[PDB]
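The chain below stands alone, shown as structure tokens; this is the form deposited in one PDB entry.
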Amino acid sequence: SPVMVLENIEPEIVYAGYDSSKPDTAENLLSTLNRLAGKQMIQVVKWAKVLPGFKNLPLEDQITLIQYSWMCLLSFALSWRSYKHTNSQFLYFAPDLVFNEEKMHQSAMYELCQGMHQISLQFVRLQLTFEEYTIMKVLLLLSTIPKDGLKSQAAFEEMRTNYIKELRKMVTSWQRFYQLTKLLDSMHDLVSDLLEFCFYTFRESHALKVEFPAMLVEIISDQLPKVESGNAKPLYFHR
């Protein structure tokens, strides 16, 4: 049943809010992009809190998972918007913020922009259906746990596996499932890339003149303060 509920809960529109006009170099794209991230998060939490099964684990587990997987979320989402609106032609961050080989170019991010684009590209080729995306997206929320587990760990695995079963239910064949689960797996590869960059732009804020809101502040100072190592255990799907 969930799928139905997911269409409903599937977050809406979010504006980045960039007073575009004068030269927009690194110090410009990133502070607005971060700002953008800060607003979508308020949206992701609103989304997750009604999710089937997930809304059932105590508030502690819920927030942890959102933290260890926030980057996957937003990035996976960027791909879908880029794919739904521009046919993947571009990276649709926000209605008021679209990227062309020029924005990616002078965003000081061209390389990661290309990676997130390579994802949207896989969406087109596979011609992803909302159903698939919505379920895959829950799988990303449920894809990176604390190396040592969760309080409601047992309840957690049954849940995720159920969503697995659901995605395969949706896939109804085994090749499709496979392509989709392999896509999500690869995501773990991109996200680690996006995170190390986000982290060093964090640690080197003022000096690079790249600001972060406050919402994203309390999250990164929490996410990478010690996990820049390997206490963040992603849960792949294949080998």
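Residue numbers run from 1 along the displayed sequence.
What comes next is about the form solved in complex with a partner chain, which does not appear here.
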item	value
Three-residue site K49, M215 and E218 fully in contact with the partner chain in the deposited complex at 4.5 Å by heavy atom	yes
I63, heavy atom within 4.5 angstroms of the partner chain in the deposited complex	yes
Partner contact for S31 in the deposited complex: the partner chain, 4.5 angstroms, heavy atom	no
Heavy atom of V171 within 4.5 Å of the partner chain in the deposited complex	no
Distance check, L208 to the partner chain in the deposited complex, heavy atom within 4.5 Å	no
